[PDB]
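This document starts with one chain, in the form deposited in one PDB entry, laid out as structure tokens.
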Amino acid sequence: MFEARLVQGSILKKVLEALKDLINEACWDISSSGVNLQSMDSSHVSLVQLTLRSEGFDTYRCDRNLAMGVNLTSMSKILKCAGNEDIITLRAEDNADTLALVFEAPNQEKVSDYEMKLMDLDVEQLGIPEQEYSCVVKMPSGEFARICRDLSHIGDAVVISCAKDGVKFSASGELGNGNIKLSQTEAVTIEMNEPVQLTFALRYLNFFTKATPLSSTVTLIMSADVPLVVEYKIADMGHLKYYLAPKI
């Protein structure tokens, strides 16, 4: 048996909202420590990793580890049927085949029960090398989303430069060019251990900022020659992290 009860169900809604634009299907790895999901995006450019610890659920039981193949488009459509204050319960039998989602309204007079067919996917885990923290930028998540949206009107790629005084986002295109300079202060903190200057495709960052509702801050972790990490904390539960390799 697998059964997990989450009183703040909107978390799951926001999680699915943050993944379906990027991934069509993926494996949810369920174990006694909680829920882990790792997947390349459907264009095989970026990597996504989700962690939800068992301690963040109001009830959690996992008799046997399972790897559930899920069409995220379908699961997101089902989670649109939950109200933002619903209690959400996931349940799956040993040897999978279907996953049940139960939404209990807080009045207690209405209960919704959805059953989703599970898919047959063979995906193997990619390893994540140890992180080098050359620059770490923590900033309001809405400000980062607006930065990416603004510069994608100028160009298709952003140059992120992190040096002692601050962090700069630059783009260049047919209409001209732009840059946005942030200095350390809705607080902005900058840990610069060695300067970095890297180029990234704005299309993928604009996908990553769909996780903005999960947290009021985002963390950017940059180092030379390794993927940028864009990370959102899922309070008292885990994280959603996106990895993106720099250009050229």
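Definition used throughout: the rigid core is the maximal C-alpha set that superposes within 1.5 Å between two forms. Numbering starts at 1 and runs along the sequence shown.
Another form exists, deposited with a partner chain bound; not displayed. Remarks below refer to it.
Participant: Though only this chain appears here, would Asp94 touch the partner chain in the deposited bound form if you measure heavy atom gaps against 4.5 Å?
Facilitator: Judged by the heavy-atom cut-off of 4.5 Å, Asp94 is well away from the partner chain in the deposited bound form.
Participant: Find out whether any non-hydrogen atom of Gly9 is located within 4.5 angstroms of the partner chain in the deposited bound form, and reply yes or no.
Facilitator: No.
Participant: Mark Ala201 yes when one of its heavy atoms lies within 4.5 Å of a heavy atom of the partner chain in the deposited bound form, and no otherwise.
Facilitator: Answer yes; at least one heavy atom of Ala201 falls within 4.5 Å of the partner chain in the deposited bound form.
Participant: Give a yes/no on whether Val45 approaches the partner chain to within 4.5 Å in the deposited bound form, heavy atoms considered.
Facilitator: Flag for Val45 set to yes.
Participant: If I align on the rigid core, exactly one of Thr98, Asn177, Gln125, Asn84 should have its C-alpha move by 2 Å or more between the shown form and the other one; which residue is that?
Facilitator: So the only displaced C-alpha belongs to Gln125.
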